[PDB]
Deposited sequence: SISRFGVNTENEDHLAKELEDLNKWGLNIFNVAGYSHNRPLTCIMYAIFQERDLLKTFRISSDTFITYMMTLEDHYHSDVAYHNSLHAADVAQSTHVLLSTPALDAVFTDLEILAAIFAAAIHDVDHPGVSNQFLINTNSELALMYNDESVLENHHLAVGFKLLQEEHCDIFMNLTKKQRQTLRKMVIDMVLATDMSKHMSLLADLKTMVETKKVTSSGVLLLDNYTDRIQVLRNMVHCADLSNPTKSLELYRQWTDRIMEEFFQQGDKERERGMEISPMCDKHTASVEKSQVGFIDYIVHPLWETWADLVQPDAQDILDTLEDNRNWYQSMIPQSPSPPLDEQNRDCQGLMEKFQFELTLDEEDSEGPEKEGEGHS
């Protein structure tokens, strides 16, 4: 085949992909069977299942050449922010897009942008935060004036690659579709900037306050402004979904992300950065930080998402609580959350 995947575990990959439409899909096994091409394998899976290749005349070869390229622009050596995360966000977005409240709502084009924005939203992530880049006066921080530095990068890179040889997956869209898709993708990726979370949520609460559904229970969004607000929150939720998965998978994400944060602390030390030293693996509590994050950021977000789509998200939300309660139970420089909240200034 094209993924070079072995006849050995082709049944495995096929059987794992049966839960492609489910929140409890295991992206980790999928990466195993794909030879570490989860982003490409899942995206291809997603696009077939929604028939996006056919609808937009995106040939298989074009899609795969682009997706392979894009996946290569993610750093497998960065602990959390590699192609596996990207793959997980796209699959999570794929699931959200099809909940009963939501499924009839979005146009094929809108569906295309959301899943694509998901795929690209972290491409070429260096392993460090926006603030780290700012404080080191990296070329990126200067290029984007210290505002949504990386998110501006992920977009630029995601669209740039469309120009490589046989990589233009949007080649057969009209001029109007390409600019509609582009405005939407831009919106959704910039939406992933965490310093935008609170204003994201504020607006979502509003969507909920005045939500109306059809006779069928389908949410009603009559202007571009509304459905792009749902979309951008959808992708931010998906971005923030780790703790809503089966505890065993949430544990694997947490190991990865903590590795990546503490590795940012090592880089800050190596470089004699600022002065203010972040707590390390020994002095920090990962358990406290999780519960702080779930209470301060994740749950307030998911609870609101659950209102918008009542009761589509209940099993998701019941798992979040369970998971919070489980990190809770394990609870015994400048800490994880002290750092995340300070540099939200």
- Message: Give me the ranges of the deposited sequence that have no CA atoms here, in sequence order.
- Response: 1-2, 335-347, 361-377
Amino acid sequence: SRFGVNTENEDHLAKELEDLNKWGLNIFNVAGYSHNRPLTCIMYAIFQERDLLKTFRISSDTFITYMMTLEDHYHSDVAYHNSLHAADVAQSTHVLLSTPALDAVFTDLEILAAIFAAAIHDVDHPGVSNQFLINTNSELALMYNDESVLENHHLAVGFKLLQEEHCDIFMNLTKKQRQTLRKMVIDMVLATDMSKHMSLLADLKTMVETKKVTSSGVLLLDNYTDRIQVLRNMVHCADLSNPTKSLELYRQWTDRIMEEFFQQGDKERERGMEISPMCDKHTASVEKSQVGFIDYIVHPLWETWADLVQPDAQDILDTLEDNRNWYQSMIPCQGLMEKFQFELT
From here on, numbers count along this sequence of modelled residues.
- As stated in the PDB record, which stretch has the larger average Cα B-factor, 115-123 or 260-268? 260-268
- Averaging the C-alpha temperature factors as deposited, the higher value of 95-103 versus 270-278 falls on 270-278
- Residue with maximal Cα B-factor (values as given in the PDB entry) among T40, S59, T65, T283: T283
- Residue with highest C-alpha B-factor in the PDB entry, from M207, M234, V149, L155: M207
- For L133, return the chain-relative third of its C-alpha B-factor as stated in the PDB record: lowest, middle or highest. middle
- Task: Consider only the C-alpha atoms of the modelled residues in this chain, order them by B-factor as the entry records it, and name the third containing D255: lowest, middle or highest.
- Result: middle
- Message: Using only modelled residues of the chain, where does the Cα B factor of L220 rank: lowest third, middle third or highest third?
- Response: highest
- Would you mind checking where the Cα B-factor of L70 ranks among the modelled residues of its chain, as the lowest, middle or highest third? lowest
- Among the chain's modelled residues, which third holds the C-alpha B-factor of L52? lowest
